[PDB]
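Here is the file target_6.pdb (PDB, C-alpha atoms).
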```pdb
MODEL        1
ATOM      1  CA  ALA A   1     -49.020 -91.900 -30.772
ATOM      2  CA  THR A   2     -47.392 -94.800 -29.123
ATOM      3  CA  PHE A   3     -44.521 -94.532 -26.582
ATOM      4  CA  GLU A   4     -42.934 -97.821 -25.453
ATOM      5  CA  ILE A   5     -41.337 -97.171 -22.101
ATOM      6  CA  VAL A   6     -38.667 -99.733 -21.247
ATOM      7  CA  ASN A   7     -36.793-100.143 -18.009
ATOM      8  CA  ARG A   8     -33.328-101.564 -18.700
ATOM      9  CA  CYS A   9     -32.102-100.538 -15.266
ATOM     10  CA  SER A  10     -31.213-103.264 -12.783
ATOM     11  CA  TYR A  11     -33.635-101.588 -10.351
ATOM     12  CA  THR A  12     -37.378-100.930 -10.412
ATOM     13  CA  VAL A  13     -38.592 -97.550 -11.600
ATOM     14  CA  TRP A  14     -41.983 -95.992 -11.635
ATOM     15  CA  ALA A  15     -42.528 -94.407 -14.984
ATOM     16  CA  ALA A  16     -44.534 -91.211 -15.234
ATOM     17  CA  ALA A  17     -46.120 -89.368 -18.127
ATOM     18  CA  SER A  18     -47.854 -85.993 -17.889
ATOM     19  CA  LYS A  19     -48.293 -82.720 -19.747
ATOM     20  CA  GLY A  20     -48.306 -80.754 -16.472
ATOM     21  CA  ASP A  21     -52.038 -80.154 -15.961
ATOM     22  CA  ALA A  22     -53.059 -83.746 -16.869
ATOM     23  CA  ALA A  23     -51.870 -87.409 -17.037
ATOM     24  CA  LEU A  24     -50.841 -88.854 -20.286
ATOM     25  CA  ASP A  25     -52.531 -92.223 -20.665
ATOM     26  CA  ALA A  26     -52.628 -93.688 -17.158
ATOM     27  CA  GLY A  27     -49.936 -91.213 -16.061
ATOM     28  CA  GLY A  28     -47.734 -93.746 -14.250
ATOM     29  CA  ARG A  29     -46.901 -97.412 -13.692
ATOM     30  CA  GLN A  30     -44.329 -99.622 -11.960
ATOM     31  CA  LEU A  31     -41.696-101.046 -14.290
ATOM     32  CA  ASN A  32     -39.554-103.814 -12.869
ATOM     33  CA  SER A  33     -36.125-104.411 -14.430
ATOM     34  CA  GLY A  34     -36.637-105.365 -18.051
ATOM     35  CA  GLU A  35     -40.397-104.520 -18.233
ATOM     36  CA  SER A  36     -41.930-102.505 -21.103
ATOM     37  CA  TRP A  37     -45.099-100.392 -20.729
ATOM     38  CA  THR A  38     -46.675 -99.036 -23.938
ATOM     39  CA  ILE A  39     -48.727 -95.894 -23.709
ATOM     40  CA  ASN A  40     -50.883 -93.857 -26.015
ATOM     41  CA  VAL A  41     -50.426 -90.098 -26.152
ATOM     42  CA  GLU A  42     -53.042 -88.013 -27.957
ATOM     43  CA  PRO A  43     -51.944 -86.300 -31.216
ATOM     44  CA  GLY A  44     -51.405 -82.640 -30.688
ATOM     45  CA  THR A  45     -50.005 -83.120 -27.171
ATOM     46  CA  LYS A  46     -47.876 -80.037 -26.405
ATOM     47  CA  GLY A  47     -45.325 -79.928 -23.506
ATOM     48  CA  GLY A  48     -45.478 -83.608 -22.657
ATOM     49  CA  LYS A  49     -42.856 -85.281 -20.460
ATOM     50  CA  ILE A  50     -41.868 -88.739 -19.398
ATOM     51  CA  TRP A  51     -39.579 -89.568 -16.553
ATOM     52  CA  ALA A  52     -38.514 -92.256 -14.131
ATOM     53  CA  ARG A  53     -39.168 -92.248 -10.469
ATOM     54  CA  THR A  54     -37.039 -94.124  -7.938
ATOM     55  CA  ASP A  55     -37.605 -95.747  -4.507
ATOM     56  CA  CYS A  56     -41.335 -95.380  -4.482
ATOM     57  CA  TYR A  57     -43.971 -96.802  -2.076
ATOM     58  CA  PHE A  58     -47.631 -96.754  -2.881
ATOM     59  CA  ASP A  59     -50.634 -97.982  -1.032
ATOM     60  CA  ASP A  60     -53.290-100.136  -2.515
ATOM     61  CA  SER A  61     -55.163 -96.904  -3.674
ATOM     62  CA  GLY A  62     -52.131 -95.559  -5.650
ATOM     63  CA  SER A  63     -51.063 -92.990  -3.062
ATOM     64  CA  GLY A  64     -47.624 -92.741  -1.478
ATOM     65  CA  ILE A  65     -44.143 -91.268  -2.105
ATOM     66  CA  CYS A  66     -41.001 -91.431  -4.294
ATOM     67  CA  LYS A  67     -37.412 -90.266  -3.511
ATOM     68  CA  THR A  68     -37.093 -88.839  -7.032
ATOM     69  CA  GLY A  69     -39.728 -87.428  -9.319
ATOM     70  CA  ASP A  70     -42.679 -87.743  -6.959
ATOM     71  CA  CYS A  71     -45.737 -86.214  -8.596
ATOM     72  CA  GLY A  72     -47.900 -85.145  -5.552
ATOM     73  CA  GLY A  73     -47.648 -88.600  -4.023
ATOM     74  CA  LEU A  74     -49.624 -90.307  -6.850
ATOM     75  CA  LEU A  75     -48.823 -93.582  -8.692
ATOM     76  CA  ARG A  76     -50.700 -92.112 -11.606
ATOM     77  CA  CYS A  77     -49.065 -88.739 -12.341
ATOM     78  CA  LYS A  78     -51.314 -85.802 -13.274
ATOM     79  CA  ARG A  79     -48.571 -83.183 -12.797
ATOM     80  CA  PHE A  80     -44.792 -82.885 -13.232
ATOM     81  CA  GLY A  81     -42.514 -84.615 -10.770
ATOM     82  CA  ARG A  82     -40.291 -83.305  -8.014
ATOM     83  CA  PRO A  83     -36.645 -82.801  -9.141
ATOM     84  CA  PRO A  84     -34.138 -84.334  -9.726
ATOM     85  CA  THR A  85     -35.683 -85.866 -12.896
ATOM     86  CA  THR A  86     -34.067 -86.572 -16.218
ATOM     87  CA  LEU A  87     -36.833 -85.476 -18.648
ATOM     88  CA  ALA A  88     -37.912 -86.905 -21.956
ATOM     89  CA  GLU A  89     -39.791 -83.945 -23.499
ATOM     90  CA  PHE A  90     -42.011 -83.759 -26.480
ATOM     91  CA  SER A  91     -44.547 -81.697 -28.442
ATOM     92  CA  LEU A  92     -46.521 -83.598 -31.094
ATOM     93  CA  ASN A  93     -48.144 -82.431 -34.412
ATOM     94  CA  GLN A  94     -46.940 -78.893 -34.055
ATOM     95  CA  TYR A  95     -47.523 -77.635 -37.595
ATOM     96  CA  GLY A  96     -46.953 -80.975 -39.202
ATOM     97  CA  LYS A  97     -43.948 -81.982 -37.032
ATOM     98  CA  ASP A  98     -42.941 -83.554 -33.713
ATOM     99  CA  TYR A  99     -40.191 -82.086 -31.498
ATOM    100  CA  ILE A 100     -38.283 -84.211 -28.968
ATOM    101  CA  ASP A 101     -35.450 -83.608 -26.518
ATOM    102  CA  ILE A 102     -33.961 -84.645 -23.247
ATOM    103  CA  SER A 103     -33.529 -82.092 -20.547
ATOM    104  CA  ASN A 104     -31.353 -81.816 -17.384
ATOM    105  CA  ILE A 105     -32.970 -78.425 -16.399
ATOM    106  CA  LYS A 106     -34.732 -80.210 -13.570
ATOM    107  CA  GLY A 107     -31.728 -82.316 -12.637
ATOM    108  CA  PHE A 108     -30.889 -85.985 -13.296
ATOM    109  CA  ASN A 109     -31.885 -89.222 -11.606
ATOM    110  CA  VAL A 110     -31.864 -91.959 -14.158
ATOM    111  CA  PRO A 111     -30.063 -92.275 -17.484
ATOM    112  CA  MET A 112     -32.271 -92.244 -20.546
ATOM    113  CA  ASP A 113     -32.498 -92.799 -24.341
ATOM    114  CA  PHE A 114     -35.415 -91.144 -26.197
ATOM    115  CA  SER A 115     -35.724 -92.454 -29.767
ATOM    116  CA  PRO A 116     -38.357 -92.670 -32.553
ATOM    117  CA  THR A 117     -39.468 -96.180 -33.403
ATOM    118  CA  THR A 118     -40.664 -94.981 -36.856
ATOM    119  CA  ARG A 119     -38.705 -93.300 -39.698
ATOM    120  CA  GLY A 120     -36.958 -90.058 -40.348
ATOM    121  CA  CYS A 121     -35.119 -88.599 -37.405
ATOM    122  CA  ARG A 122     -32.519 -89.517 -34.796
ATOM    123  CA  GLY A 123     -32.907 -90.245 -31.096
ATOM    124  CA  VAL A 124     -31.478 -88.251 -28.219
ATOM    125  CA  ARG A 125     -29.632 -89.674 -25.223
ATOM    126  CA  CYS A 126     -28.206 -88.755 -21.833
ATOM    127  CA  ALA A 127     -26.687 -91.884 -20.400
ATOM    128  CA  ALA A 128     -23.484 -90.759 -18.606
ATOM    129  CA  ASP A 129     -23.051 -91.373 -14.794
ATOM    130  CA  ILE A 130     -24.239 -87.945 -13.731
ATOM    131  CA  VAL A 131     -25.216 -89.125 -10.252
ATOM    132  CA  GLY A 132     -21.818 -90.582  -9.590
ATOM    133  CA  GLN A 133     -19.958 -87.518 -10.876
ATOM    134  CA  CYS A 134     -22.476 -84.919  -9.502
ATOM    135  CA  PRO A 135     -20.807 -81.790  -7.870
ATOM    136  CA  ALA A 136     -21.026 -82.053  -4.065
ATOM    137  CA  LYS A 137     -23.362 -79.023  -3.730
ATOM    138  CA  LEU A 138     -25.818 -80.470  -6.293
ATOM    139  CA  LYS A 139     -26.126 -83.977  -4.763
ATOM    140  CA  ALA A 140     -29.635 -84.792  -3.605
ATOM    141  CA  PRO A 141     -29.698 -86.617  -0.217
ATOM    142  CA  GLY A 142     -32.944 -88.176  -1.505
ATOM    143  CA  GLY A 143     -31.044 -89.569  -4.558
ATOM    144  CA  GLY A 144     -29.904 -87.947  -7.879
ATOM    145  CA  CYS A 145     -28.161 -84.807  -9.040
ATOM    146  CA  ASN A 146     -30.089 -81.593  -8.642
ATOM    147  CA  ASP A 147     -30.061 -78.679 -11.045
ATOM    148  CA  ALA A 148     -28.669 -75.356  -9.762
ATOM    149  CA  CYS A 149     -32.076 -73.602  -9.939
ATOM    150  CA  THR A 150     -33.613 -76.195  -7.576
ATOM    151  CA  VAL A 151     -30.701 -75.910  -5.125
ATOM    152  CA  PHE A 152     -30.011 -72.122  -5.159
ATOM    153  CA  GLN A 153     -33.192 -70.421  -6.414
ATOM    154  CA  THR A 154     -31.431 -67.493  -8.174
ATOM    155  CA  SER A 155     -32.597 -65.528 -11.265
ATOM    156  CA  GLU A 156     -29.345 -66.643 -12.949
ATOM    157  CA  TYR A 157     -29.849 -70.412 -12.538
ATOM    158  CA  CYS A 158     -33.684 -70.266 -12.935
ATOM    159  CA  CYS A 159     -33.469 -67.911 -15.966
ATOM    160  CA  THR A 160     -36.232 -66.044 -14.419
ATOM    161  CA  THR A 161     -35.659 -62.798 -16.470
ATOM    162  CA  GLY A 162     -35.166 -64.712 -19.726
ATOM    163  CA  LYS A 163     -31.704 -63.288 -19.347
ATOM    164  CA  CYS A 164     -29.185 -65.868 -18.074
ATOM    165  CA  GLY A 165     -25.999 -67.557 -19.341
ATOM    166  CA  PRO A 166     -24.328 -70.893 -18.807
ATOM    167  CA  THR A 167     -22.874 -71.550 -15.361
ATOM    168  CA  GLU A 168     -20.339 -73.773 -13.643
ATOM    169  CA  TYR A 169     -23.218 -76.063 -12.730
ATOM    170  CA  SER A 170     -24.900 -76.068 -16.154
ATOM    171  CA  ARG A 171     -21.510 -76.796 -17.723
ATOM    172  CA  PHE A 172     -21.188 -79.965 -15.665
ATOM    173  CA  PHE A 173     -24.504 -81.303 -17.006
ATOM    174  CA  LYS A 174     -23.477 -80.289 -20.558
ATOM    175  CA  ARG A 175     -20.023 -81.899 -20.285
ATOM    176  CA  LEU A 176     -21.511 -85.189 -19.132
ATOM    177  CA  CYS A 177     -24.486 -84.955 -21.591
ATOM    178  CA  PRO A 178     -23.943 -82.702 -24.569
ATOM    179  CA  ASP A 179     -27.194 -83.861 -26.142
ATOM    180  CA  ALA A 180     -29.470 -82.553 -23.398
ATOM    181  CA  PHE A 181     -30.540 -79.131 -22.241
ATOM    182  CA  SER A 182     -28.305 -78.061 -19.367
ATOM    183  CA  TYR A 183     -30.077 -74.744 -18.614
ATOM    184  CA  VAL A 184     -33.138 -72.863 -19.853
ATOM    185  CA  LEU A 185     -31.356 -70.913 -22.624
ATOM    186  CA  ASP A 186     -29.021 -73.657 -23.711
ATOM    187  CA  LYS A 187     -28.374 -74.016 -27.456
ATOM    188  CA  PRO A 188     -31.358 -76.316 -28.394
ATOM    189  CA  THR A 189     -30.690 -80.029 -28.850
ATOM    190  CA  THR A 190     -34.297 -80.494 -29.940
ATOM    191  CA  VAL A 191     -34.811 -82.967 -32.787
ATOM    192  CA  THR A 192     -37.461 -82.503 -35.479
ATOM    193  CA  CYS A 193     -39.268 -85.756 -36.329
ATOM    194  CA  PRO A 194     -42.209 -86.452 -38.733
ATOM    195  CA  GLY A 195     -45.603 -85.511 -37.355
ATOM    196  CA  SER A 196     -47.238 -88.517 -35.683
ATOM    197  CA  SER A 197     -44.042 -90.428 -35.112
ATOM    198  CA  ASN A 198     -43.854 -93.186 -32.465
ATOM    199  CA  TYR A 199     -41.187 -93.538 -29.798
ATOM    200  CA  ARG A 200     -39.427 -95.558 -27.215
ATOM    201  CA  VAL A 201     -38.090 -94.215 -23.909
ATOM    202  CA  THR A 202     -35.441 -96.547 -22.535
ATOM    203  CA  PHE A 203     -34.241 -96.105 -18.972
ATOM    204  CA  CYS A 204     -30.564 -97.128 -18.418
ATOM    205  CA  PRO A 205     -29.962 -97.705 -22.153
ATOM    206  CA  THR A 206     -26.301 -98.590 -21.839
ATOM    207  CA  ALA A 207     -26.510-102.405 -21.581
TER     208      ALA A 207
ENDMDL
END
```
Translate the structure of the given file into structure tokens.
Amino acid sequence: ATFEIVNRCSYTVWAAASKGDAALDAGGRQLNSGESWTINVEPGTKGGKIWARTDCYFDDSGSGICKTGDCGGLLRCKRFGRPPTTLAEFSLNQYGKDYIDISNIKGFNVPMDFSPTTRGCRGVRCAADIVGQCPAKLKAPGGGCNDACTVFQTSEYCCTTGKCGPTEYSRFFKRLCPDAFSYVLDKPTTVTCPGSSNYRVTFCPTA
């Protein structure tokens, strides 16, 4: 499947794509403002994620650092990035269907629209100014709005027991973005699409 990743932000981002133990396609690339990068993701990919990284510096071998979503200092991500990261999440060809969502469980850095380019389902979006409105105690000095699990490392915020409820912090993410996961056990906002759909991830979609 094809994922067109489009940076509509006014600033450069470094897109990343991984399923956690491996890159998807090249795994990462610079996207200047307005650039589109089209990747191929293998059918059957389970637990795949795409995200933006901000304020990155890489050497001529692809090694360096980002202020948000750094994946072990690599241009080409092989693993998930360091929070805060708004997450486009997807599992493909899972018994005949694809499942997509956006998640704020690992915080928020960049606004995002995650939509099929082919027929038969809707897109998901979290494009409110979460950074600007972020609760003081969640603000990341590196940039972005952290999730409460990352900041406080409790069983309640991290849902470590599989028993956890919504929180003051999760409610903030949910108020700003109803259509994304605000905590691990949030009422699912996952969208069922046809198996083998194609997609576009658009960073800063509101323009």
Between CA of residue 107 (chain A) and CA of residue 27 (chain A), what is the spacing in Å?
20.6 Å
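If you look at CA of residue 49 (chain A) and CA of residue 22 (chain A), they are 10.9 Å away from each other.
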Give me the residues near residue 159 (chain A) as a ChimeraX atom specification, where near means some atom within 12 Å (using all atoms listed in the file) and where sequence neighbours in that chain fewer than 2 positions away do not count.
/A:105,148-150,153-157,161-167,170,182-186
Run the PyMOL selection byres ((chain A and resi 138-143) around 12) against the file shown and list the residues it catches, as a PyMOL selection string.
chain A and resi 53-56+65-70+82-85+106-110+130-137+144-152+168-170+172-173
Residues selected by the PyMOL selection byres ((chain A and resi 206) around 12), written as a list in words:
residues 7, 8, 9, 10, 110, 111, 112, 113, 125, 126, 127, 128, 129, 202, 203, 204, 205 and 207 of chain A
Just the residues within 9 Å of residue 42 (chain A), please, counting all atoms listed in the file, with nothing from its chain fewer than 4 positions along; format it as a list in words.
residues 1, 2, 24, 25 and 92 of chain A
Resolved residues for the PyMOL selection byres ((chain A and resi 48) around 7) as a compact mmCIF listing (two decimals) with C-alpha atoms, in the frame of the given file:
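Listing of expr.txt after writing:
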```
# COMPACT_ATOMS: atom_id res chain seq x y z
CA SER A 18 -47.85 -85.99 -17.89
CA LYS A 19 -48.29 -82.72 -19.75
CA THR A 45 -50.00 -83.12 -27.17
CA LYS A 46 -47.88 -80.04 -26.40
CA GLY A 47 -45.32 -79.93 -23.51
CA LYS A 49 -42.86 -85.28 -20.46
CA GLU A 89 -39.79 -83.94 -23.50
CA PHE A 90 -42.01 -83.76 -26.48
CA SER A 91 -44.55 -81.70 -28.44
```
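Shortest separation to residue 17 (chain A) among A:76, A:95, A:63, A:32 occurs at residue A:76, atoms counted being only C-alpha atoms.
For the pair CA of residue 115 (chain A) and CA of residue 74 (chain A), the separation is 26.9 Å.
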Within 8 Å of residue 180 (chain A), counting all atoms listed in the file, which residues show up once you throw out same-chain ones fewer than 6 positions away? Write them as a ChimeraX atom specification, please.
/A:101-104,124-126,174,189
Close residues, residue 196 (chain A) itself excluded, 9 Å, only C-alpha atoms, min 6 positions apart in chain, as a ChimeraX atom specification
/A:1,43-44,92-93,96-98
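Here the question is which of A:64, A:51, A:122, A:198 gets nearest to residue 87 (chain A) using only C-alpha atoms, and that residue is A:51.
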